[PDB]
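Asker: start_22.tsv is the file, holding TSV, C-alpha atoms:
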```tsv
chain	number	residue	atom	x	y	z
D	2359	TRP	CA	126.10	-7.76	38.19
D	2360	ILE	CA	122.40	-7.91	37.44
D	2361	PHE	CA	121.21	-11.24	38.83
D	2362	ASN	CA	121.96	-10.64	42.52
D	2363	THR	CA	121.04	-8.14	45.21
D	2364	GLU	CA	123.79	-6.14	46.92
D	2365	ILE	CA	124.71	-2.66	48.18
D	2366	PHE	CA	125.03	-1.50	44.55
D	2367	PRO	CA	122.88	1.52	45.32
D	2368	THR	CA	120.53	1.66	42.31
D	2369	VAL	CA	119.51	-0.38	39.28
D	2370	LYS	CA	119.54	2.52	36.82
D	2371	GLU	CA	123.32	2.14	36.54
D	2372	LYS	CA	122.80	-1.50	35.55
D	2373	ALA	CA	120.17	-0.26	33.10
D	2374	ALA	CA	122.50	2.33	31.55
D	2375	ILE	CA	125.34	-0.17	31.24
D	2376	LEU	CA	123.10	-2.84	29.70
D	2377	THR	CA	121.37	-0.48	27.26
D	2378	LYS	CA	124.81	0.28	25.80
D	2379	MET	CA	124.97	-3.34	24.55
D	2380	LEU	CA	122.64	-2.61	21.61
D	2381	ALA	CA	125.70	-1.67	19.53
D	2382	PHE	CA	126.66	-5.34	19.20
D	2383	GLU	CA	124.27	-5.89	16.28
D	2384	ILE	CA	125.05	-2.49	14.75
D	2385	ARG	CA	128.81	-3.07	14.72
D	2386	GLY	CA	128.27	-6.62	13.47
D	2387	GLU	CA	128.96	-8.96	16.41
D	2388	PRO	CA	126.34	-11.73	16.49
D	2389	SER	CA	127.69	-13.81	19.38
D	2390	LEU	CA	127.95	-10.99	21.94
D	2391	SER	CA	124.47	-9.82	20.96
D	2392	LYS	CA	123.23	-13.40	21.31
D	2393	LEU	CA	124.61	-13.53	24.86
D	2394	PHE	CA	123.15	-10.10	25.64
D	2395	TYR	CA	119.65	-10.95	24.43
D	2396	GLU	CA	119.96	-14.25	26.29
D	2397	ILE	CA	120.57	-12.45	29.58
D	2398	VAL	CA	117.76	-9.95	28.86
D	2399	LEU	CA	115.47	-12.92	28.17
D	2400	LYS	CA	116.61	-14.57	31.41
D	2401	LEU	CA	115.86	-11.31	33.23
D	2402	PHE	CA	112.34	-11.52	31.82
D	2403	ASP	CA	112.17	-15.25	32.64
D	2404	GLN	CA	112.26	-14.93	36.45
D	2405	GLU	CA	109.39	-12.44	36.56
D	2406	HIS	CA	105.67	-13.19	36.43
D	2407	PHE	CA	104.23	-10.15	38.25
D	2408	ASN	CA	107.44	-8.59	39.52
D	2409	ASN	CA	110.00	-5.81	39.13
D	2410	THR	CA	113.22	-7.79	39.44
D	2411	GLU	CA	114.13	-5.83	36.30
D	2412	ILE	CA	113.77	-2.14	35.89
D	2413	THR	CA	111.09	-1.02	33.45
D	2414	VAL	CA	113.53	0.17	30.76
D	2415	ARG	CA	114.25	-3.47	29.93
D	2416	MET	CA	110.61	-3.65	28.84
D	2417	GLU	CA	111.22	-0.53	26.76
D	2418	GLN	CA	114.32	-0.62	24.61
D	2419	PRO	CA	116.03	-4.05	24.40
D	2420	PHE	CA	112.81	-6.06	24.55
D	2421	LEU	CA	111.40	-4.22	21.54
D	2422	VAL	CA	114.69	-4.36	19.67
D	2423	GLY	CA	114.88	-8.01	20.76
D	2424	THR	CA	111.72	-8.81	18.76
D	2425	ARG	CA	113.58	-7.79	15.60
D	2426	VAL	CA	116.99	-9.44	15.86
D	2427	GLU	CA	116.81	-11.84	12.83
```
Rewrite the coordinates I just gave you, this time as structure tokens.
Answerer:
Amino acid sequence: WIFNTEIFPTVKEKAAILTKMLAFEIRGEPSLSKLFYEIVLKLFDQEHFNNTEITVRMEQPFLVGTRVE
């Protein structure tokens, strides 16, 4: 979903569906959370001075991602 451009009309729906994936470490699933923080890290990889993300990826899962043991 995230890593391509299409007629999906806004990126806030991608943001709201990806921000829900912070329950993987709360419920106790390490592998799904590892994949999720890998794709958040890849979203921050292909950006130097860019907004290929939306700015809520810099807000919640980046900051929780600096804590993930």
Asker: Just give me the residues with any atom within 12 Å of (115.6, -8.4, 38.1), file coordinates, counting only C-alpha atoms, written as a ChimeraX atom specification.
Answerer: /D:2359-2363,2368-2370,2372-2373,2397-2416
Asker: How many Å lie between atom CA of residue 2388 of chain D and atom CA of residue 2426 of chain D, rounded to one decimal?
Answerer: 9.6 Å
Asker: From the options D:2371, D:2395, D:2418, D:2365, which residue's atoms come nearest to residue 2383 of chain D, counting all atoms listed in the file?
Answerer: D:2395
Asker: Between atom CA of residue 2366 of chain D and atom CA of residue 2381 of chain D, what is the distance in Å, rounded to a tenth?
Answerer: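 So the two atoms, atom CA of residue 2366 of chain D and atom CA of residue 2381 of chain D, lie 25.0 Å apart.
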